[PDB]
Structure formats: structure tokens, C-alpha cells
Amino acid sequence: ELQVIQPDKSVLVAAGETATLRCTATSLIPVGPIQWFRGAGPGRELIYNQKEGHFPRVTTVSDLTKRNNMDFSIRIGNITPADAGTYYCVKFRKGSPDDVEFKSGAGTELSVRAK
């Protein structure tokens, strides 16, 4: 049984700084990619997807290409007040018709101090 753990309930950064959203998985099973979202539900915003998508503001804390990697923390650079919100670390599994969400973290609230 894999768990998605976000050790930070909330985070405060200044505008222009970097936001580090921490997330660790407890298992490699099941196989599947990790995705980051801002918000939950149907209209949630895709923040990161390790297999497809354009996310030039996001860098991974660790090397996700390593087979035994379980750190899925990301860094969002040049934070502005518009980046404030709740970010969820989500584990996906292989399914039909596309990848299917397996488990989501409890979320990390990002708040920003403006300039």
C-alpha cells in the first residue's frame, strides 16, 4: 500500500523567491507517474506531470528518472502572488482510457508575501 505524504500543510514565501512543495511516496507500487495540481475537483490546474506536458517553471528536487526514487518534491521559481493556492501531490496508475488517479496527498497551501 503506497501513501502520498506532503509533510508541509502550508508554506509562506516572498514574491520572487522559490516555492518548494515537498512530497514523498512510501512504495513504488503501483507503477505510474506523479502529477501536481493546484486545487482539486474537475477544474483543477495541472502544475506538473513527469511524463508529458510543458512546465518550464517547475524543477524536481530529486532525479525522478531513478527507478527507486520516492521523492516527488518540486520547486516553482519566481513566485508571484498569483501562485497562491493549495497544491496536491497525486500518484497516478495505468488504466483506461488514460492514466487514472490512484492517491492524492492532503495538500500544501502556498501563500505569498507581495513586494
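All residue numbers are counted from 1 along the displayed sequence.
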Worksheet item: So 63-71 or 82-90, which one's hotter by mean CA B-factor in the entry?
Response: 63-71
Response to the item:
The third of the chain into which the C-alpha temperature factor of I34 falls is the middle
Practice prompt. Would you please rank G41 by its C-alpha temperature factor against the other modelled residues of its chain and give the third it falls in: lowest, middle or highest?
Written response: highest
Worksheet item: Ranked by Cα temperature factor within the chain, is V100 in the lowest third, the middle third or the highest third?
Response: highest
